[PDB]
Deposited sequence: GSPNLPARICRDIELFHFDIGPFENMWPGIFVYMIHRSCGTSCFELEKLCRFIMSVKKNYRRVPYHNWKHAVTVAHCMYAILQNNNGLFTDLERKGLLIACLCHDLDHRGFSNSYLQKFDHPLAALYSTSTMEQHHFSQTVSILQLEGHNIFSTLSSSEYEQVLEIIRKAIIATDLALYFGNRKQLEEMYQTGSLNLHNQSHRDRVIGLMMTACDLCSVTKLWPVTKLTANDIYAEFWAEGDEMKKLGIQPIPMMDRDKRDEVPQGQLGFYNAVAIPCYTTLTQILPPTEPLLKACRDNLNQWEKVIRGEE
């Protein structure tokens, strides 16, 4: 891989660039550095094909989330098993499979068939189900050299991690982790605690846009709102007044909305993550920097 990417990929704030045909080799590099090479590529290409041309929750997003996981895992050597590392990187690549740019709330209000099938964490459950189906295509079982027991195990890791990208679950998960940390009861050798930490890692990776340098973070914000505002339109088509976040009428309040989001979700997230895994600190610093940028925008300086 290019010398610059070889080096810069180790940075938390790395951007994977605009060349799509480079991203598979970035993922393969990361996952080799953290498989049957033919099956892997085959698997990656099918996953890519199941992603949609939507502004934010797309193929680029998936590799970006996977990269963040890579960086966390590299800077916390010895904490997670070889399996967990494989499962988590795959989970990240697959977590938004078949995303159509709408939230679980809209699918519910639309009375989408997936909401009858999966009452809770609707999209996330469907994404895992899609992932399993891709794995079950001829020549796509990247876990073929594992035993059945380890196969079942890695799928379980993947399922929980994908489900954890439902931001509705973040709030209780992080609250529980925070109290475990502050009381000294947090035990990484406890599987249930360990699952929670992985959940928070998944949230941290999924939101990692907010931990890039400002020019990246600033531009990506256009992508998330393009999805959010289209959902607000569809909500209005259902005869339902959307929440401000998804109302394009309220686009002038975007800086204030971002402030809200960083204060309520993103800062607490990386703060807790940094407490549990100190080497993730750069994610929190970059997040804090971006919060400061949004504050300057509101002052009319940016």
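Peer 1: Let me make sure I understand the coverage. Which parts of the deposited sequence, in order from the N-terminal end, have no C-alpha coordinates here?
Peer 2: Since the structure holds only modelled residues, the stretches it omits are 1-4, 39-43.
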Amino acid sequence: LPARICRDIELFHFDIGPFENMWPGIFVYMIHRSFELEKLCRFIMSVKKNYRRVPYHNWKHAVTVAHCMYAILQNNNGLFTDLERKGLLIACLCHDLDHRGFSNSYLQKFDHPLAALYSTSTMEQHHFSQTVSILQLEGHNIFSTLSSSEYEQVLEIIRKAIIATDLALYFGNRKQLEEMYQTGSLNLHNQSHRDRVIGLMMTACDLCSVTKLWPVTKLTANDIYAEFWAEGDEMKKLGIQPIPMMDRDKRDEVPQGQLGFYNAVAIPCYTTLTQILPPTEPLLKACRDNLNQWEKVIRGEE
From here on, numbers count along this sequence of modelled residues.
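Peer 1: May I ask you to compare 98-106 and 76-84 by their mean CA B factor in the entry and name the higher one?
Peer 2: Averaged over C-alpha atoms, the B-factors run higher in 76-84.
Peer 1: Mean C-alpha B factor from the entry: is it higher for 38-46 or for 272-280?
Peer 2: It is 38-46.
Peer 1: Among 133, 220, 187, 176, which carries the highest Cα B-factor?
Peer 2: Max CA B-factor in the entry, restricted to 133, 220, 187, 176: 133.
Peer 1: Which of these has the highest Cα B-factor in the record: 165, 122, 144, 191?
Peer 2: Answer, based on the entry's C-alpha B-factors: 144.
Peer 1: Going by the CA temperature factor in the PDB record, which third of the chain does residue 140 belong to: lowest, middle or highest?
Peer 2: Highest third of the chain for residue 140's C-alpha B-factor.
Peer 1: State the tercile, meaning the lowest, middle or highest third, of residue 20 with respect to the CA B-factors recorded for its chain.
Peer 2: For residue 20, the deposited C-alpha B-factor lands in the highest third.
Peer 1: Hey, what third does residue 61 fall into on Cα B-factor, ranked over its chain?
Peer 2: It belongs to the lowest third of the chain when residues are ordered by C-alpha B-factor.
Peer 1: Check where residue 197 lands among this chain's C-alpha B-factors and tell me if it's the lowest, middle or highest third.
Peer 2: Lowest third - that is where residue 197 ends up once the chain's C-alpha B-factors are sorted.
Peer 1: Could you look up the Cα B-factor of residue 248 in the entry and say which third of the chain it sits in: lowest, middle or highest?
Peer 2: For residue 248, whose C-alpha B-factor we compare with every modelled residue in the chain, the answer is the middle third.
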